[PDB]
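Okay, so here's the structure we're looking at.
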Amino acid sequence: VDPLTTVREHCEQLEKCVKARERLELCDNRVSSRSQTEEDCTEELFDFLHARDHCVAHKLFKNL
Amino acid sequence: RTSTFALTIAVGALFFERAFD
Amino acid sequence: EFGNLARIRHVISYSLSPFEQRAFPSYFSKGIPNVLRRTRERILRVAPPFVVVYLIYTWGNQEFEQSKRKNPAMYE
Amino acid sequence: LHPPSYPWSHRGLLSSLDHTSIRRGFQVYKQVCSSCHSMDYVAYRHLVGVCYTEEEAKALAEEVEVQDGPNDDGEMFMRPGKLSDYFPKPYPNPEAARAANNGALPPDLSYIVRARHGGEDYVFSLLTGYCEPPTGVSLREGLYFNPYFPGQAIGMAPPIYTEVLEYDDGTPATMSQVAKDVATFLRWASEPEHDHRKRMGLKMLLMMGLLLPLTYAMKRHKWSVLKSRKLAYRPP
Amino acid sequence: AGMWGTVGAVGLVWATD
Amino acid sequence: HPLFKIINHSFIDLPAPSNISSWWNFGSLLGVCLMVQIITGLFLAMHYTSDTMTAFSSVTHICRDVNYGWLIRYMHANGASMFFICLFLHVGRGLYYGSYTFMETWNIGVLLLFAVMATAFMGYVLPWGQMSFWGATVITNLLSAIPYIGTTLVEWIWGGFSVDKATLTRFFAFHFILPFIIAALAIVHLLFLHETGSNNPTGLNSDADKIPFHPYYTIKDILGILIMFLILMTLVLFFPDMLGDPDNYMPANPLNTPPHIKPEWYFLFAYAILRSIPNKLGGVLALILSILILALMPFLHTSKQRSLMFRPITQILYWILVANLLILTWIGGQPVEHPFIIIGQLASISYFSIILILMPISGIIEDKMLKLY
Amino acid sequence: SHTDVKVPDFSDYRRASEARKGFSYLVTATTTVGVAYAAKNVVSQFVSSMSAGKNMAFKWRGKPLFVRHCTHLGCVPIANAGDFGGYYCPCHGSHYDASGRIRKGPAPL
Ligand code: HEC
Ligand code: HEM
Ligand code: HEM
């Protein structure tokens, strides 16, 4: 089991990542929300990504 | 003494090198 | 060269031996209070510009950030 | 996307590289990354480190026969290598790599970390950041979505998975463990002197902490004379 | 001056090692 | 003794002002640096070849194998950065304290700057990385802007249709000579100055209070050398790549280019200026003027006081000038997109208007306030 | 006049005699030592940078490896020539026997 996966999961659990994920989830849901639109979400995706990733590094390397 | 001043200093630098190295 | 420089007259210039004066007068203790005085005097004229700058940089960064920021509504 | 921060141990100011990992990352390169990438500027001699001493390097030095030796005409690949043997190359010619890389180029990774802005992080992120393409994703040829990758069309095939390889040390070969470990090695190779230097820097800080107040004290001795000079004007 | 020759020699050995 | 007389005349019994601050250290630091850059450049030249074939490699070898190469190479690079830091602070001292009224010293001076700038491009292009290659093409093409003889000149310098080995080898020599060249020009500098003596921060005639240089401004220069060496070695031994661009470690892709291409920090603003002027030629000219405006500086002094110690309005204008110089340094870094561009355009307009217009008008106003005008 | 003004009080700067001097010298001595320490280090590594009846040879280790069935100035002895049936160095006339022993000429060993 890659600690990366576990830590990623854990960070996601962090309410901060939870909310960041909320954004992403709302936004990825938004990706599918409209077709003619350009709601790529790459921006929001990246938003959550970085936020969560910060948390990951904040608590991954030690497990590593 | 000035000459000894330099002398001891040269020797001081001499040993300090080894110690610091 | 020294000599033949300026017609300076009647300017007694007392001095003290280096080994006779305290070797290292406290700088933090005595000098820095005046340094603080010195710096505070000019800073009042030095930081103002930089005060402005930081603002420019900050505003610019976020502005450019929003610029890149795409609106789902845009082309929606 | 701006790669976030990461707590690399060696990155510690006075601390140095963890050779164990470095070793592990050299294994990772030898078993996975060397099929398209090669540490050209690195030689088995360069490879030497606590991770691998010349002796171990020799094993690896003798572990290869690719282009280590030439033949009657020095063509193709004709003989194994030794300590001086430089790192083997997955491709004898750029075209070869291009051919075996979607036409794209798998860059030798000798100075790769230095090359990439925020390399150590980038590397880790790229190798472990393919993430998910939410929309508008049309990977053309052997590409792999990766927001960390500039184009999310890396084409650097994801070559690491849980237990992608097996670390000889036995440390669980999780994708991340593998990624982090190889990272260390790559970093180590990019700056074979990282550790060497930091020791100098520590000696430099100690010597400057000794020498700056003493030179300041001399200067203030020879400048005290004037700094105490009292001037008086005595017109007759 | 006599000791200077000696002083230099001492430092020389150090530096030359 | 006719050799010791000049050394005494310029370094021991030279009458120097007693009240010059640390700034006045910086020029001596520059001389020490030049020495450092040059000596480092020698070893960098050693074990190095001007061949695109082996230039990038032996250097990597220097970084990897050359005995203490990593140390001499990064000392050379960060010493070029330290040279430009000390150069900018030296020029800022000359602008603030009214030292440009020593006109011959200033002109040897302004020329010196252009030269040092070139040596940078020289040293820069030489490792043959991705960034060096694409940087060279860029500035060499700057020349093409010339109205009639531009194309020829560019091709001449390149030595061919496009920068290639022909360039690398010749750029190597200039980068081996310009250093020697600038060195001499500096010697001219020291002569054209001793004829007049150094200036003091009050800007007044310091003939009544002058002291020797050997025991007073020598130990001060030694202390400044020690502090500059501390900053240089903490730049080399602890953060060896905070000022460079990682692109360097990429053998030049004669074919590919760095998505983000930027000239080095020391010149960043210079190019920032270019980016601002829409016309290519305009940019080149403004760019040149950016450096040349300084030479023009001794003819713009309209005040009856030499220094800015007793001139607060021109002090405010000077610090606004330093402020938008820092702004232009930042903009150069930023990519081409709103609103970085507008700032660049304004910052350049404000830079030229403060140097050309605002400071002499402010000096006239300051003379009017003291009932002098 | 000559006596109207007495020397102003420098006690503010005045330090409490050879002991004081010795201490100051001691300082200079240590600093010189520091300079020297750095010198040996810098100079050494500084200099360190520049640091790294028939015969047949295979250039082993970058030098001619004579195998058969100049001590003087380093040329290649020419096999199968000379007055001692071994070797001869066309540079200064050193004749080596088949054993490679210098027999005639100026070659030292
Ligand atoms: C079996 C194939 C394969 C393996 C295994 C592989 N790569 Fe790659 N890699 C490629 C190809 C193909 C490219 C060229 C992509 C391009 O040029 O667009 C590439 C390019 C790259 C680049 C250049 C991307 C950039 O930022 O410019 C990096 C970095 C890279 N790989 C890292 C790695 C690392 C790190 C590993 C393992 C720890 C690895 N690769 C293993 C095939 C591979
Ligand atoms: C005559 C003396 C000099 C010689 C022989 C010399 C030689 C060299 C050589 C061989 C290189 C390539 C090695 C390397 O990549 O670092 C180089 C690089 C460089 N030199 Fe010089 N140089 C000299 C003086 C200077 C000076 C005075 C400057 C500053 C203006 C300068 C700035 C540079 C820069 C910026 C580089 C690029 C460093 C890098 O790769 O990041 N050099 N020099
Ligand atoms: C090659 C780079 C340069 C070197 C090595 C250099 C070196 C020196 C030195 C050693 C001095 C005497 C010390 C001093 O005055 O503090 C000096 C003085 C001076 N330099 Fe420079 N200089 C350089 C470039 C410049 C430039 C570009 C300017 C103009 C902006 C300039 C303006 C001056 C002035 C005005 C003085 C006299 C200042 C004073 O003493 O009051 N120099 N320089």
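Every residue, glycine among them, receives a Cβ derived from its backbone with ideal geometry; neighbour counts consider all protein chains shown. FYI, it's all coordinate maths here, none of it is from the lab.
Test of understanding: among A:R23, A:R8, which residue is assigned to a helix (DSSP H, G or I), closer than 23 Å to D:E163 by Cβ and under 9 Å from the mean Cα position of the chain (by Cα)? Every option except A:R8 fails the conditions. Is it the case that some residue within region F:12-30 is within 9 Å of ligand 2 (Cβ to nearest atom), within 30 Å of F:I62 (Cα to Cα) and touching a helix residue (DSSP H, G or I) at 6+ places or on another chain (Cβ under 7 Å)? No, region F:12-30 contains no residue that is within 9 Å of ligand 2 (Cβ to nearest atom), within 30 Å of F:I62 (Cα to Cα) and touching a helix residue (DSSP H, G or I) at 6+ places or on another chain (Cβ under 7 Å). When region D:61-94 is filtered for residues that are small (G, A, S) and more than 24 Å from the chain's Cα centre (by Cα), the ones remaining, listed by number, are D:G69, D:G74.
Here's the yes/no breakdown for (1) crowded, with 19+ Cβ neighbours inside 10 Å; (2) away from ligand 3 (no atom under 15 Å from the Cβ):
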{"site": "F:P17", "(1), (2)": "yes, no"}
{"site": "F:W23", "(1), (2)": "no, no"}
{"site": "F:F26", "(1), (2)": "yes, no"}
{"site": "F:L29", "(1), (2)": "yes, no"}
{"site": "F:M35", "(1), (2)": "no, no"}
{"site": "F:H47", "(1), (2)": "no, yes"}
{"site": "F:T54", "(1), (2)": "no, yes"}
{"site": "F:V59", "(1), (2)": "yes, yes"}
{"site": "F:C63", "(1), (2)": "yes, yes"}
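Evaluated against (1) more than 16 Å from ligand 1 (Cβ to nearest atom); (2) within 14 Å of chain D (Cβ to nearest Cβ); (3) in a helix (DSSP H, G or I), F:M117 falls short on exactly one condition, (2). Being within 14 Å of chain C (Cβ to nearest Cβ), over 27 Å from the mean Cα position of the chain (by Cα) and part of a helix (DSSP H, G or I) is the requirement here; does F:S362 meet it? For F:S362, the condition - within 14 Å of chain C (Cβ to nearest Cβ), over 27 Å from the mean Cα position of the chain (by Cα) and part of a helix (DSSP H, G or I) - is met.
If only one of D:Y216, D:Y130, D:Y144 is more than 10 Å from ligand 1 (Cβ to nearest atom) and either outside any helix (DSSP H, G or I) or under 22 Å from D:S35 (Cβ atoms) (or both), which one is it?
On the way: D:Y216 fails: either outside any helix (DSSP H, G or I) or under 22 Å from D:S35 (Cβ atoms) (or both); D:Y144 fails: more than 10 Å from ligand 1 (Cβ to nearest atom).
Sole residue among the options that is more than 10 Å from ligand 1 (Cβ to nearest atom) and either outside any helix (DSSP H, G or I) or under 22 Å from D:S35 (Cβ atoms) (or both): D:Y130.
For F:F114, the stated conditions hold: it is within 15 Å of ligand 2 (Cβ to nearest atom) and under 14 Å from the mean Cα position of the chain (by Cα).
Do we have any residue at all in region F:148-157 that's more than 16 Å from ligand 2 (Cβ to nearest atom) and either within 14 Å of chain C (Cβ to nearest Cβ) or in a loop (DSSP other than H, G, I, E, B) (or both)?
First, pick out the residues of region F:148-157 that are more than 16 Å from ligand 2 (Cβ to nearest atom): F:148-157.
Among the residues that remain, those that are also either within 14 Å of chain C (Cβ to nearest Cβ) or in a loop (DSSP other than H, G, I, E, B) (or both) are: F:148-149.
There is at least one residue in region F:148-157 that is more than 16 Å from ligand 2 (Cβ to nearest atom) and either within 14 Å of chain C (Cβ to nearest Cβ) or in a loop (DSSP other than H, G, I, E, B) (or both).
Residue check: D:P235 meets all listed conditions (1) within 14 Å of chain A (Cβ to nearest Cβ); (2) in a loop (DSSP other than H, G, I, E, B) but one, namely (1). In the condition set (1) within 24 Å of the chain's Cα centre (by Cα); (2) facing another protein chain (nearest Cβ under 9 Å); (3) basic (K, R), D:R220 is compliant with all but (1).
Filtered by the rule that a residue be within 11 Å of chain B (Cβ to nearest Cβ) and over 19 Å from D:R220 (Cα atoms), region G:3-41 gives G:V33, G:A36, G:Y37, G:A38, G:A39, G:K40, G:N41. For region A:18-34, a residue qualifies if it is closer than 13 Å to D:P134 by Cα and more than 7 Å from every other protein chain (Cβ to nearest Cβ), and the qualifying residues are A:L24, A:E25, A:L26, A:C27, A:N29, A:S32, A:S33.
Of all residues in region F:5-26 being away from chain C (no Cβ under 12 Å) and out of contact with any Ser or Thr (no Cβ under 9 Å at 6 or more places or on another chain), which is nearest to ligand 1 (Cβ to nearest atom)? Working first, answer last.
So in region F:5-26, the residues away from chain C (no Cβ under 12 Å) come out as F:6-7, F:11, F:19-20, F:22-26.
With the extra rule that they be out of contact with any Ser or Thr (no Cβ under 9 Å at 6 or more places or on another chain), the set shrinks to F:6-7, F:22-23, F:25-26.
Numbers: F:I6: 57, F:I7: 56, F:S22: 45, F:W23: 44, F:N25: 44, F:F26: 41 Å.
Per the criteria, the residue is F:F26.
Scanning region D:167-186 turns up one or more residues that are crowded, with 17+ Cβ neighbours inside 10 Å and more than 14 Å from chain A (Cβ to nearest Cβ). For D:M76, the criteria (1) surrounded by fewer than 21 Cβ atoms within 10 Å (Cβ to Cβ); (2) within 9 Å of ligand 1 (Cβ to nearest atom); (3) away from chain F (no Cβ under 14 Å) hold in every case but one, which is (2).
Evaluate region A:15-35: report whether one residue or more is crowded, with 20+ Cβ neighbours inside 10 Å, among the polar types (S, T, N, Q) and at negative phi. Checked region A:15-35: no residue is crowded, with 20+ Cβ neighbours inside 10 Å, among the polar types (S, T, N, Q) and at negative phi. One residue alone among D:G129, D:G136, D:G119 is among the small types (G, A, S), within 11 Å of another protein chain (Cβ to nearest Cβ) and on the phi > 0 side of the Ramachandran plot, and that residue is D:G136. Which ones in region F:184-204 are surrounded by fewer than 17 Cβ atoms within 10 Å (Cβ to Cβ) and either within 16 Å of ligand 2 (Cβ to nearest atom) or of a type in the set (D, E) (or both)? Once the filter is applied, which keeps residues that are surrounded by fewer than 17 Cβ atoms within 10 Å (Cβ to Cβ) and either within 16 Å of ligand 2 (Cβ to nearest atom) or of a type in the set (D, E) (or both), region F:184-204 yields F:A184, F:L185, F:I187, F:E195. Contact map, region F:291-304: first residue closer than 19 Å to F:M369 by Cβ, second residue surrounded by fewer than 16 Cβ atoms within 10 Å (Cβ to Cβ), Cβ cut-off under 6 Å, separation 6 or more or different chains; pairs are F:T302/F:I364; F:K304/F:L372.
Within region F:227-241, take every residue that is crowded, with 18+ Cβ neighbours inside 10 Å and among the hydrophobic types (A, V, I, L, M, F, W, C) and give me the one that is nearest to the other protein chains (Cβ to nearest Cβ). I'd like the intermediate steps shown before the answer.
Residues of region F:227-241 that are crowded, with 18+ Cβ neighbours inside 10 Å, as a first pass: F:228-229, F:232-233, F:235-237, F:240.
Filter once more, keeping what is among the hydrophobic types (A, V, I, L, M, F, W, C): F:228-229, F:232-233, F:235-237.
Values: F:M228: 11, F:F229: 8, F:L232: 10, F:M233: 5, F:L235: 10, F:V236: 8, F:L237: 3 Å.
Among residues in region F:227-241 that are crowded, with 18+ Cβ neighbours inside 10 Å and among the hydrophobic types (A, V, I, L, M, F, W, C), the one nearest to the other protein chains (Cβ to nearest Cβ) is F:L237.
Name the residues in region F:92-110 that are part of a helix (DSSP H, G or I) and near ligand 3 (Cβ under 8 Å from one of its atoms), would you? Listed by number, the residues that qualify are F:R93, F:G94, F:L95, F:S99, F:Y100, F:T105, F:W106, F:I108, F:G109, F:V110.
Look through C:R9, C:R22 and report the one residue that is out of contact with any strand residue (DSSP E or B) (no Cβ under 8 Å at 6 or more places or on another chain) and either surrounded by 10 or more Cβ atoms within 10 Å (Cβ to Cβ) or within 11 Å of chain F (Cβ to nearest Cβ) (or both). Give the steps one after another, and end with the answer.
Details: C:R22 fails: out of contact with any strand residue (DSSP E or B) (no Cβ under 8 Å at 6 or more places or on another chain).
Unique residue meeting the criteria: C:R9.
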